[PDB]
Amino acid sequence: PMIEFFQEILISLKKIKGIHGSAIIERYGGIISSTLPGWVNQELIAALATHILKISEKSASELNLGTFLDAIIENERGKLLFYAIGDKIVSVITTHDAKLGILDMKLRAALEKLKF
């Protein structure tokens, strides 16, 4: 029921152009629902999402920047986004062609349905 609500949200992200896949990860935990395309190791993305959350939140605590919102990793052949929404981490893998500004605005509008 709750996992089926997570799935229909990861499907809504598919309309956004540039997205290969996405995943709902528990805070400092494992993957709850996935859409990643298969050439992606899910346990690798999960370990990356918890390592960034731990890195970003500790440094945000000492730099007086407040609470962690989201992280972006731009590589030459793809991008890695990690959104902290409520109790979850939303990892998203994109193309290199994707424009970060439109991409970030499109994800933030669709991920508001994950606030409850």
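From 1 onward, residues are counted along the sequence shown.
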- Message: I need to verify one thing: averaged over C-alpha atoms only, is the B-factor higher for 66-74 or for 36-44?
- Response: 36-44
- Query: Relative to the other modelled residues in the chain, which third contains the C-alpha temperature factor of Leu111: lowest, middle or highest?
  - Reply: middle
- Hey, what third does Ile93 fall into on Cα B-factor, ranked over its chain? lowest
- Where does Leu10 sit by CA temperature factor within its chain: lowest, middle or highest third? lowest
- Message: How does the C-alpha B factor of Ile25 compare with the rest of the chain: lowest, middle or highest third?
- Response: middle
- Note on the structure: Of the three thirds of Cα B-factor ranks in this chain, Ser61 occupies the highest
